[PDB]
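[1] I would like to see how this sequence folds:
(5 chains, ligands or ions: 4)
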Amino acid sequence: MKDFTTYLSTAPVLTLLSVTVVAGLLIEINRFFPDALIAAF
Amino acid sequence: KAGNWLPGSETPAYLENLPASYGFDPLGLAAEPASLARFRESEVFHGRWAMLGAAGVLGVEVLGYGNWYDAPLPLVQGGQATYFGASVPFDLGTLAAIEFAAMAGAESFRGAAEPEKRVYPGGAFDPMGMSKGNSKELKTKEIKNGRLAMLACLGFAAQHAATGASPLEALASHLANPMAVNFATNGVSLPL
Amino acid sequence: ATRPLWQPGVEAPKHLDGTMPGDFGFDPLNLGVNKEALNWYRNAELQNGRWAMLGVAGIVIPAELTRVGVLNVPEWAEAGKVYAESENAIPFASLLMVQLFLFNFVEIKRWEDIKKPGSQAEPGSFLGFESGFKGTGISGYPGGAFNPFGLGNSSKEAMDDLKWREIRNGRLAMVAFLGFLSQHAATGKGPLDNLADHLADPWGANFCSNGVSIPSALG
Amino acid sequence: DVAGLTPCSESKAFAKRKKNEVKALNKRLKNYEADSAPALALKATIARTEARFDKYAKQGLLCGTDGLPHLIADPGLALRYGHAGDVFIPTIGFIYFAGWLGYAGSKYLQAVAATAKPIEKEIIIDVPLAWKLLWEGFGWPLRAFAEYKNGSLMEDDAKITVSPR
Amino acid sequence: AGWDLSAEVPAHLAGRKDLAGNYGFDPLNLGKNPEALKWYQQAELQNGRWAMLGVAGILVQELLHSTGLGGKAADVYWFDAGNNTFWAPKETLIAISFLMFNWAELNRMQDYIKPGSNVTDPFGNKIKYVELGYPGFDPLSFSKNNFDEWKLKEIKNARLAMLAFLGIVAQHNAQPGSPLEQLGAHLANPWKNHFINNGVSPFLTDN
Ligand SMILES: CC1=C[C@H](O)CC(C)(C)[C@H]1/C=C/C(C)=C/C=C/C(C)=C/C=C/C=C(C)/C=C/C=C(C)/C=C/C1=C(C)C[C@H](O)CC1(C)C
Ligand SMILES: CC1=C[C@H](O)CC(C)(C)[C@H]1/C=C/C(C)=C/C=C/C(C)=C/C=C/C=C(C)/C=C/C=C(C)/C=C/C1=C(C)C[C@H](O)CC1(C)C
Ligand SMILES: CC1=C[C@H](O)CC(C)(C)[C@H]1/C=C/C(C)=C/C=C/C(C)=C/C=C/C=C(C)/C=C/C=C(C)/C=C/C1=C(C)C[C@H](O)CC1(C)C
Ligand SMILES: CC(=O)/C=C/C=C(C)/C=C/[C@H]1[C@H](C)CCCC1(C)C
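    Numbering: from 1, shown residues only, chains lettered A, B, ... in the order given. Ligands and ions are numbered 1, 2, ... in the order given. The coordinates are given below.
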């Protein structure tokens, strides 16, 4: 189990997971808050 | 000392031999000797100026010549300043310049003297020469009268800023109705 | 050391220990690792807490009196505008500049005190009043002129307790002011109005129904 | 109006653009049923287009002669005319998030640089440490300013390798 | 243990037998700090004595208002004293009270700061000091013997009066009429009139 978690912590796996999480978060932000041209607060 | 300010308190030691000293210094502003000397001179000077101011404020009113608050009013909105029921031919600019020059010279000559001479300068300033012969009691009376006059001047200013009448009218109004005419009735001093 | 911590079971960071008032070992972001930075943050916390206490008092006490009936004052968010439309109202720019000019002098002097506590006590700096500008050794707690009644001067432990009470009240007032800002922005009502509305129906009147905290897009 | 720009609310070209886009969408919608999947998708697109145009006109954006929104990138000019949310506020937001990520990476690199084997820590990231540093990176402005005023945020020029000129 | 046979004295009250009414009651440990307990003792004495005077005044005024003895001034509820007219208005009386209380309370505070210091009047008259919370104002010399028993009576009556005032205020805010009228309304049944049916304390019952 330790070796598996160590493999999941490698640079490529972590890079792909981080990019996927960031892309998913951005996609959902644009899905619920679309066409945000300016920062209207 | 002759006094204790707070009957059961412990007055400071540096205020034990000074005249008109009640040990009043809870904030400890006279802990340093230099500050104490400067404050002593300032207190005596303030008392003298306040006594003169209170005497003038009462005199101009009891003599039916006008109030202290409206004294510079005729000069503004036109001109002409009255004195003793006469007329002085001077404007605000000339009056300010004359007073500035006279006061600047007097204070400059007074402030450049020795520390003791800056608050108690005998000689030419005592024509009657009554300073000699135990001046401690006289100094105490002077300081106390100055403190009372300072409080009186502050009272004139605050009372006029609150009610709006001059000293004599305020005194007469309070004497007429001492129960419903005081600082508690006006909607400024006591809010609730 | 063994004093209560913010999160029971979690050890306090070594950079905090337990000497500053209000020390509960709360620093998840490790912002106060540097000693100089920690000192500056301590002074900033004291200043923010005191100003927040004054503001929250000036916002709650007048509102409570107004609710009763005695002393009628406008709501804190409209107090600035109410005075603007007054007759002899001072211009906003001039008023702000005067306040900033006075605060410049006092705040710069306090700034010099932070760098060196006995800085303002330099002989001859003022007209004999510099003697009362010497701190107590810790920036942010200046006796002399301040603290005229001498509260907490009986002993060192008495002053420590008062410091803890001051820090807790300051933090509570800071959180309260942030709540006031958020409540007024979310609901155009006063703090007392919000409290009264919540007690009437807590499950139907709270931040989950104001329409601002929870975005309508998600629902 | 800032530089000869007309607000999108009173812009005729903006309204014409919205009308044309909705018209094209309805023309495409006319070739389907009333409750079919393509019809529902086209109706949703029409609603989104109308909402977008209404929001742009309501937000106070400035439109040019072409009828498209224009952004004002100048403090003062955008602050006094109510356009701070065009570039100013987004600039602050970016700078904050960018500094957060950069500070988290810097702290992680400096923390693992003290380990006996830092290269492995670079190819095999320490998830718990990275998570803690990512959380700590949110206070990056305060930490960065403190390190700058402390002198620990910089390396002495005499300690950095340099070319032989 | 005095207030609860199953409880234990909070240690800070076990070695304090000089305190009037010491029953080891401090579940919140508010008096753990010696200075805090010293201040709380004076606060308790002040609150108790003021409560005794206030409760006695309210009870006597209501008794005269119900039975009928006092003039038009007494024939009014205690909370309605503002409707009456006296020699001076409310503001003047309030200001006079503030000044007199400032003088008396500052004398008391000076004594608290240093017991036995402020005990002399400006005319030289002196009195014998007997403990902090007991300045010695005993013109009848009742403290010459059984001082502990007398102070125990005082502390118990003071606590009872404090509770009585709190109850009077609560009843006024929940029930109509004067305290004596509320007592009579209770004694009328008394199985129905007892805060449970007042519609204010339970709140959950009938809104
Ligand atoms: C000591 C201490 C210490 C501690 O520790 C702390 C503490 C507390 C702070 C303290 C205290 C303090 C105090 C009390 C103060 C006060 C002061 C004053 C009041 C002054 C006045 C003062 C005052 C003054 C000078 C005044 C003056 C006046 C005058 C000139 C007048 C004039 C005039 C006249 C004639 C008339 C005319 O027609 C008008 C005029 C023109 C107007
Ligand atoms: C600790 C820590 C550490 C870790 O590591 C991290 C973290 C987590 C981040 C942290 C936390 C933090 C926090 C919480 C903060 C907050 C703060 C605040 C809230 C402040 C305020 C603060 C606040 C303040 C000052 C305020 C003040 C106020 C005022 C003056 C007011 C005023 C007013 C008045 C009177 C009235 C009128 O009519 C109006 C006005 C004008 C309005
Ligand atoms: C001990 C402890 C400890 C542990 O650990 C914890 C715990 C549990 C918390 C505790 C407990 C506590 C408590 C219970 C407290 C309470 C107190 C009170 C009640 C006070 C009152 C107190 C009260 C008081 C002062 C009162 C006073 C009153 C008075 C003056 C009155 C006056 C009057 C009169 C004559 C008549 C008229 O027509 C009206 C008036 C003008 C109104
Ligand atoms: C307003 C302005 O521009 C200058 C004012 C100067 C003063 C008061 C100087 C006063 C003295 C002091 C305290 C030191 C020695 C010289 C003086 C005249 C006695």
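[2] So is the lengthiest helix in chain D next to chain C?
    Longest helix of chain D, by residue count under DSSP state H: helix D:88-112. No - against chain C, helix D:88-112 shows no contacts by CB under 8 Å from any CB of the partner chain, the least distance being 9.4 Å. (Each C-beta comes from the backbone N, C-alpha and C, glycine too.)
[3] And that helix, what does it pack against?
    Packing partners of helix D:88-112 (3 or more CB pairs under 8 Å, 6 or more residues apart in numbering or on different chains; DSSP states H and E): helix D:118-123, helix D:127-136, helix D:140-150.
[4] With mean neighbour count and distance to chain C as added columns, please give these in a markdown table.
    Output for these, formatted as a markdown table (neighbours: other CB atoms under 10 Å in any protein chain shown; distance: least, CB to the nearest CB, whole Å):
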| stretch | mean neighbour count | distance to chain C |
| --- | --- | --- |
| helix D:118-123 | 12 | 20 |
| helix D:127-136 | 16 | 5 |
| helix D:140-150 | 16 | 4 |
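[5] quick one, which of those helices is nearest to residue C:200?
    Smallest distance to residue C:200 across the helices and strands packed on helix D:88-112 (CB to CB): 39.1 Å, for helix D:127-136.
[6] Surely residue C:12 is within a helix?
    No - counting by DSSP: H, G, I helix; E, B strand; the rest coil, one finds residue C:12 to be coil, located in no helix.
[7] Compute the inter-axis angle for the strand or helix carrying residue C:52 and helix D:140-150.
    Taking DSSP states H and E as the criterion, residue C:52 maps to helix C:35-68. Put simply, helix C:35-68 runs at 140 degrees to helix D:140-150, going by axes from the mean of the first three to the mean of the last three CA atoms, to 10 degrees.
[8] can you tell if helix C:35-68 touches chain E?
    No - Helix C:35-68 stays clear of chain E (CB under 8 Å from any CB), getting no nearer than 14.1 Å.
[9] List the buried residues in that helix.
    The neighbour-count check on helix C:35-68 (16 or more other CB atoms under 10 Å in any protein chain shown) flags C:37-43, C:45-46, C:49-50, C:52-53, C:55-56, C:59-60, C:62-63, C:66 as buried.
[10] Over to stretch E:133-142?
    Using 16+ other CB under 10 Å as the test for burial, stretch E:133-142 gives E:133, E:134, E:135.
[11] distance of the last one from residue C:198?
    Translated: residue E:135. Distance of residue E:135 to residue C:198, computed by CB to CB, to the nearest Å: 49 Å.
[12] pretty sure residue E:204 is in a strand, no?
    No - Residue E:204 is assigned coil when assessed by three-state DSSP, not a strand.
[13] Now do the contacts for it.
    For residue E:204, the contact set (CB atoms under 8 Å, 6 or more residues apart in numbering or on different chains) is empty.
[14] and if you look at residue E:136?
    By CB under 8 Å, 6+ apart, the contact list for residue E:136 reads E:119, E:127, E:128, E:129, E:130, E:143.
[15] one more time with 6 Å, if that's ok
    Residue E:136 sits next to E:127, E:128, E:129, E:130 when contact means CB atoms under 6 Å, 6 or more residues apart in numbering or on different chains.
[16] Which helix or strand contains it?
    For residue E:136, there is no host helix or strand (DSSP H and E).
[17] Can you mark which positions in the helix or strand harbouring residue C:107 are buried?
    In this structure, residue C:107 sits in helix C:92-115 according to DSSP H and E. For helix C:92-115, the neighbour count (16+ other CB under 10 Å) marks C:110, C:113, C:114 as buried.
[18] Please convert those to TSV, extending it with distance to residue C:184.
    Below are the buried residues of helix C:92-115 laid out as TSV (distance: CB to CB, whole Å):
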residue	distance to residue C:184
C:110	30
C:113	35
C:114	33
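[19] Please name the spatially closest residue to residue C:38 (chain neighbours excluded).
    Closest residue to residue C:38 apart from its sequence neighbours, by CB to CB, 6 or more residues apart in numbering or on different chains: residue C:32 at 3.8 Å.
[20] what's around the one you found, how many residues?
    Applying other CB atoms under 10 Å in any protein chain shown, we find 20 residues neighbouring residue C:32.
[21] what about it, distance to residue B:4?
    In this structure, residue C:32 and residue B:4 are 49 Å apart, going by CB to CB.
[22] before we move on, what about residue B:134?
    With distances taken as CB to CB, residue B:134 is found 23 Å from residue B:4.
[23] just residue B:42 next, same as before
    Here residue B:42 is placed at a distance of 24 Å from residue B:4 (CB to CB).
[24] Next: residue C:4.
    46 Å.
[25] Of those two, give the one with the bigger neighbour count.
    Neighbours per residue (other CB under 10 Å) separate residue C:4 from residue B:4, with residue B:4 holding more: 16 against 7.
[26] who's in contact with the lengthiest helix in chain A?
    Longest helix in chain A by number of residues, with DSSP H as the criterion: helix A:11-32. Residues outside helix A:11-32 that contact it (CB under 6 Å, 6+ apart) are C:217, C:218, D:123, D:125.
[27] Report the inter-axis angle for that helix versus helix D:127-136.
    Inter-element angle recorded for helix A:11-32 and helix D:127-136: 40 degrees (by the same axes, to 10 degrees).
[28] just to revisit the earlier point, from the contact counts, what lies against the helix holding residue C:52?
    Secondary-structure packing of helix C:35-68 (3 or more CB pairs under 6 Å, 6 or more residues apart in numbering or on different chains; DSSP states H and E): helix C:156-186.
[29] Show me what the following helix or strand past the helix it packs on packs onto, helices and strands only.
    Counting by DSSP H and E, the next helix or strand C-terminal to helix C:156-186 is helix C:191-200. Helices and strands touching helix C:191-200, by 3+ CB pairs under 6 Å, 6+ apart: there are none.
[30] How about chain A: which residue is closest to ligand 1?
    Closest contact between chain A and ligand 1, by CB to the nearest ligand atom, is at residue A:41 (48.4 Å).
[31] Relative to ligand 2, how far out is that residue?
    Distance, residue A:41 to ligand 2, using CB to the nearest ligand atom, to the nearest Å: 19 Å.
[32] got the residue ranges for the helices in chain B?
    For chain B, the helices defined by DSSP H occupy B:33-62, B:92-111, B:136-162, B:167-176.
[33] is chain C contacted by the first one?
    Yes - if you take CB under 6 Å from any CB of the partner chain as the test, helix B:33-62 does meet chain C, through B:35, B:38.
[34] Run the chain-centre distance for stretch B:105-122.
    Remark: stretch B:105-122 is offset 19 Å from the chain centroid, using CA atoms, centre = their mean, to the nearest Å.
[35] On the three-state scheme, residue E:93 is what?
    Using three-state DSSP, the structure places residue E:93 in helix.
[36] Which residue lies closest in space to it, excluding its sequence neighbours?
    Leaving aside its chain neighbours, residue E:93 sits nearest to residue E:86 (7.1 Å; criterion: CB to CB, 6+ apart).
[37] what about the one you found, helix or strand, and which?
    Assigned by DSSP H and E, residue E:86 falls within no helix or strand.
[38] Where does chain B get nearest to chain A, residue-wise?
    residue B:191 (40.2 Å; CB to the nearest CB).
[39] in chain C, which residue is closest to the centre?
    Chain C has residue C:49 as the residue nearest its centroid, 2.2 Å off, counting by CA atoms, centre = their mean.
[40] That'll do, ta.
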